[PDB]
Amino acid sequence: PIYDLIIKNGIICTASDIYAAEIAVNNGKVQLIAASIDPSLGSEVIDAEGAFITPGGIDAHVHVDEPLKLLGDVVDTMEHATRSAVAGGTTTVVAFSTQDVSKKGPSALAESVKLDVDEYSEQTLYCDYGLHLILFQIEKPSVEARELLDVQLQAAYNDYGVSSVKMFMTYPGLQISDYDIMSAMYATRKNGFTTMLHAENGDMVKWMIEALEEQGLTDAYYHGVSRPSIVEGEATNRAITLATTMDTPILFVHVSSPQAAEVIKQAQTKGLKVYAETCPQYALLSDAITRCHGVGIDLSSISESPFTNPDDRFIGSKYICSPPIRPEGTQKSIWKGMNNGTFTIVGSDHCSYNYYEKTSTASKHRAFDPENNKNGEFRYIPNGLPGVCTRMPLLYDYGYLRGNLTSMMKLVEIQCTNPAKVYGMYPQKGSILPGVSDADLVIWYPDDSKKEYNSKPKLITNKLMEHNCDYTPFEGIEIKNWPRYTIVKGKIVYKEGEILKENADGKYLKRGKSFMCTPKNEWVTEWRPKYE
Amino acid sequence: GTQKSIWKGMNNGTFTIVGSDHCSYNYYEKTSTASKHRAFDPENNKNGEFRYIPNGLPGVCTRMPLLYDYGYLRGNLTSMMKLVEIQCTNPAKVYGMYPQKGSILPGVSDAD
Amino acid sequence: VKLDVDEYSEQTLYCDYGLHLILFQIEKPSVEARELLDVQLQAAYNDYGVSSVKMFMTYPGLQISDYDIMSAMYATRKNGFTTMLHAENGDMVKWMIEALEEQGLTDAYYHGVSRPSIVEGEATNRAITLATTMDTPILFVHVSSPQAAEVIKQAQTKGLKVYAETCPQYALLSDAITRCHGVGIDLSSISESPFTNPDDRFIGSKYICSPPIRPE
Ligand SMILES: NC(=O)NCCC(=O)O
Ligand SMILES: NC(=O)NCCC(=O)O
Ligand SMILES: [Zn+2]
Ligand SMILES: [Zn+2]
Ligand SMILES: [Zn+2]
Ligand SMILES: [Zn+2]
């Protein structure tokens, strides 16, 4: 036959269209869209039975185990994360390369990426992956440093196709001053990079944690109390101000604060290039889940939580992340942000640590280490939730089907297409473009069917995650659709609950410059950077 | 000083669609009932006062090229995709002509 | 405070005077330091009737971190002191001065350029946020930035105890007076300025203050 694969009787969903049509696939790519394709033309034919076909999900906020152990030991390798991704309808992930402070000179940042690429090149990869670069050591003073940093970003792009840089305004060891952020912005704007910020006020967080410990308030729930929404709001406001002074496009990761969303919206209204990301957990969970006792998940339906296991005082740690899962009444704000344009993309902030084994370096119970003066205090709890698998189905269900998102188009926009565009993987990834797109596609189950599908899951379980972690925070909850087929580069890698390892051929992805991150050329004063 | 905030509105999502408000009255003939000079009618107490000027400009032809040029090419719109969204696809969606009109969808779209 | 009182006790004084206390060295970490700082403010009040404390968010040698401001606020709230802040972002000021010097833009006029209104606005917003977390009344000194006045007004509308000071020069002068070339002063009527003495390159310094005299 002329084509490897034909998808028939399905409904195509893109970031701006919904329509019935059929797709032909060959040599790893979308070849053709037409009303009807002769089935004798394909080696393999899939009857979608009226279900939606979406592009594969792109999760640009995934954490995997890496050799510098920035977040300590993490349970998932790139092998495990991409397997989990594919089981949940995600076909590209972007993880993080830790700046290696031991490497010096022009190649120092390229050498940081090399560590990751080399390590993952031996693992079985179920889908493609890219890398962001994390920066926490910036040379001073700014002017004398400019050449080296600029040269270093060029080498990282030229050699490994890295075009994004991530910085933190909180966390000891990661928090960098406003001064250093401006130095970085200088270099990134010049190189058309995508600039990412974690915006929480680190000083406020540090002070308040010490105040709480002084009163003995150390349980997992006080993680949220140590850093309320006003802290994320302040730092987001500060970071916008920096980006404005420096005419540098900026993306805020995992936004959870209404005050942050508010200053973000105001900047977007002004036309400033300010982008934002949020995560399912900020729309679906509230902080009540961190201790025993309508637009989110019914919290009492979650299994293995402080509600069902009130004896286990440490179980709240399953839901500890940064920024914290917010108080009741905040979650609706996050949905509105997804609908009204505040949030450009949705990622998972996938970050996995075991709960049901206590001894290993990748356990949540790592917070118990009597010799290192660690006795379970929230300060020592490894922050993060597994989420790479659940991201797409959670939005399909609680977003589209339950009506918290406006449409399937909006779902595709924020889950697939915008992530590709903002991180320079477009048009190779993110859409369904004949002759252009890698054939990365998801075929769902039909929503309005009376037909029984034995393979369609009713609940989220750990086994369904296909990951290396021993829990998921969404364990036990109803889920009303799931990927029936996940196609990766024209091959079926997930079919009806089964992973097909023999079709796993994922590769490291060299990314381009994002067309969304060219500068506005707008300034606060008459000052201009030398190079202009 | 007002015109810039209209461009920002087109980019930031304030404006869903762009139309012309096409409404045409002659200027170089003065006698017809479809003339701007209809404002001069001494026998009906009309002597050219702004109150009596028929309101409107011709614009149906110039709408698309003006945005292509002053919007996309000159950089006042973010991209060609924003151009299509507000000029083509959103109008179809908001007025119930979608998907017959507004896009390029095989087997579905009128070939417009 | 004693150093100041003792010195002025020998001068001829034409009217009464009081003193604010300026703080730029705060002990760390916060919790262990709390008792001493509290005791010290008590002693300053009991002995000399000082009930106000001033801190800076800019100037090398005076700029203190958000962390240290919270420590101070903890003490001042407890003692019913008046807490005063100079709110400009010191990091943004420092970076921009260096950027201007690198291009050789060093004339008095570039003092304003190094620290536009948005810099005072950011820091004032940051300081309100701290005051809110700490439930501590706060006064902003010499406010000159529209963005600063905006966030101050919003806090006052909420009923937070945020007070503010401004100065005649921020209502009456614009930065045109700092170099060669209205509801305030007709600037051309000022004598001995860059307008009347364009030969004198340094005369703009007569009107250099912090925060800077703002644009028209
Ligand atoms: N914050 C969190 O939930 N996990 C650590 C991953 C990160 O945000 O860098
Ligand atoms: N900034 C200024 O005008 N003078 C120095 C006194 C001060 O503001 O502390
Ligand atoms: Zn983070
Ligand atoms: Zn993260
Ligand atoms: Zn009309
Ligand atoms: Zn001052």
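Residues numbered from 1 in each chain as written, not as in the entry; some residues may be left out. Chains lettered and ligands numbered in written order. Part of a larger assembly, values for the part shown. Heavy atoms only, no water.

Chain C has the name dihydropyrimidinase in the PDB entry, where Lachancea kluyveri is given as its organism.

Looking up chain B in the PDB entry gives the name dihydropyrimidinase, with the organism given as Lachancea kluyveri.

Residues and elements named next belong to chain C. Only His86 (ND1) and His142 (NE2) from the protein reach the zinc ion (ligand 6) as donors, at distances of 2.2 to 2.5 Å. Placement of the pair is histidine 86 in strand β3 (residues 82–86) and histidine 142 in the loop between β4 (138–140) and α7 (146–158), with a sequence separation of 56 residues. Like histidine 142, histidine 86 is buried. (Donors = N, O, S within 2.8 Å, 3.2 Å for Na, K, Ca; no water. Helix = DSSP H or I, 4+ residues; strand = E, 2+ residues; numbered from the N terminus. Buried < 20%, exposed > 50% of the residue type's maximum accessible area, 1.4 Å probe, protein only.)

It is worth spelling out the site of ligand 1 at this point. All names here are of chain A. Neighbouring ligand 1 are the residues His63, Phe168, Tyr171, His254, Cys321, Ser322, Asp349, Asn383 and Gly384. Within the side chain of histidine 63, an N or O atom sits 3.5 Å from an oxygen atom of ligand 1. A distance of 3.3 Å separates an oxygen atom of ligand 1 from a polar atom in the side chain of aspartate 349. Summarising the interface, the protein chains cover 97% of the accessible area of ligand 1, which totals 270 Å² for the free molecule. Across the shell around ligand 1, the residue classes break down as 3 nonpolar, 5 polar and 1 charged. (Near = heavy atom within 4 Å. Polar contact = N/O pair within 3.5 Å; in protein donor to acceptor, adjacent residues only side chain to side chain. Areas by Shrake-Rupley, 256 points an atom, 1.4 Å probe, with all protein chains shown as cover. Nonpolar A, V, L, I, M, F, W, Y, C, P; charged D, E, K, R; others polar.)

Contacts between chain B and chain A engage 12 residues on the former and 16 residues on the latter. Across the chain B/chain A interface, buried area totals approximately 970 Å², and carbon plus sulfur atoms make up 56% of it. One can count 1 salt bridge joining chain B with chain A. Contributions of two or more residues to the side of chain B that touches chain A are made by α1 (3–12) and α3 (80–94) of chain B. Of the residues assigned to the side of chain B that touches chain A, the class counts are 5 nonpolar, 4 polar and 3 charged. (Contact = heavy atoms within 4.5 Å. Buried area = accessible area lost by both parts, 1.4 Å probe. Salt bridge = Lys/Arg side-chain N within 4 Å of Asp/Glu carboxyl O.)

This part is about the sheet that holds strand β9 (residues 90–98) of chain A. All names here are of chain A. Reading across the sheet, the 8 strands line up as β8-β9-β10-β11-β12-β13-β14-β15 and stay open at both edges, with parallel pairing between neighbours. Both edges of this open sheet fall to β8 (57–59) and β15 (345–346), since each of them pairs with a single strand only. Pairing of strand β10 (residues 128–134) with strand β11 (residues 164–168) involves 2 bridges; the strand directions are parallel. Of the residues in β11, the one forming a bridge with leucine 133 is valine 165. Together, β9 and β10 form the strand contacts of helix α2 (residues 108–120), whose direction differs from that of β10 by roughly 150 degrees. (Pairing = 2+ DSSP bridges. Axes fitted to C-alpha atoms, helices over the stretch in contact; angles between N-to-C directions.)

The next subject is unusual backbone geometry. Negative phi characterises most residues that are not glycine, and trans characterises most peptide bonds. The linkage connecting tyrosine 426 of chain A with the following residue, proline 427 of chain A, adopts the cis geometry, with an omega of 5 degrees. Looking at the secondary structure, you find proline 427 of chain A in the loop between α12 (408–422) and β18 (441–443). Here the amide bond leading from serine 210 of chain C into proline 211 of chain C is cis, since omega sits at 0 degrees, within 30 degrees of zero. Of note, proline 211 of chain C is situated in the segment after α8 (168–172). Positive phi outside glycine occurs at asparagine 521 of chain A, with the angle close to 65 degrees. Mapped onto the elements, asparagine 521 of chain A comes out in the segment after β21 (498–499). Residue classification places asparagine 521 of chain A among the partly exposed positions, given a relative accessible area of 48%. One non-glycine residue, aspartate 21 of chain B, lies in positive phi territory at about 60 degrees. Locating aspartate 21 of chain B in the fold gives a position in the loop between α1 and β1 (40–41).

With that settled, the discussion passes to the packing of helix α5 (residues 202–214) of chain A against helix α3 (residues 66–78) of chain C. Between α5 of chain A and α3 of chain C, whose axes approach to 8 Å, the crossing angle comes to 45 degrees. As the angle between them shows, α5 of chain A and α3 of chain C are arranged oblique. Every pair of crossing elements has a handedness; the one defined by α5 of chain A and α3 of chain C is right-handed. Within the contact between the two elements, α5 of chain A uses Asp203, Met204, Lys206, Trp207 and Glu210 of chain A and α3 of chain C uses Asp66, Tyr67, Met70, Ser71 and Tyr74 of chain C. Grouping the amino acids of the contact of α5 of chain A with α3 of chain C by side-chain chemistry returns 5 nonpolar, 1 polar and 4 charged. (Parallel < 35°, antiparallel > 145°, perpendicular 65-115°, else oblique. Left-handed = near helix turned anticlockwise from the far one by under 90°.)

For the rest of this paragraph, the subject is the coordination of the zinc ion (ligand 4). Distances from the zinc ion (ligand 4) to its protein donors, namely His61 of chain A (NE2), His63 of chain A (NE2) and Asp349 of chain A (OD), fall within the range 2.1 to 2.4 Å. Note on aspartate 349 of chain A: relative accessible area 10%, which makes it buried.

This brings us to the packing of aromatic side chains. Per the counting criterion, the structure on display carries 21 aromatic pairs over all chains. Aromatic pair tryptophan 207 of chain A and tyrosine 74 of chain C: ring centres 6.2 Å apart, planes at 50 degrees, arrangement tilted. Remark: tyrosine 74 of chain C occurs in helix α3 and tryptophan 207 of chain A occurs in helix α5; the pair is interchain, linking two chains. Aromatic side chains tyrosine 68 of chain B and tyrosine 72 of chain B sit 5.6 Å apart centroid to centroid with 85 degrees between the ring planes, which places their arrangement in the edge-to-face category. Here the residue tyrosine 68 of chain B and the residue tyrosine 72 of chain B both occupy positions in helix α2 (residues 63–73), the gap between them amounting to 4 residues, near one helical turn. The partly exposed category is assigned to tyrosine 68 of chain B, whose relative accessible area is 40%. Given the relative accessible area of 35%, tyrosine 72 of chain B is considered partly exposed. An aromatic cluster of at least three residues, connected via ring pairs, comprises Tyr186, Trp523, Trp527 and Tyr531 of chain A together with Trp95 of chain C. Note that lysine 190 of chain A overlies the ring of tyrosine 531 of chain A, its terminal NZ or CZ placed 5.7 Å from the centroid. (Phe/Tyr/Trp six-rings, centres within 6.5 Å; stacked < 30°, edge-to-face > 60°. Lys NZ or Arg CZ within 6 Å of the ring centre and 35° of its normal.)

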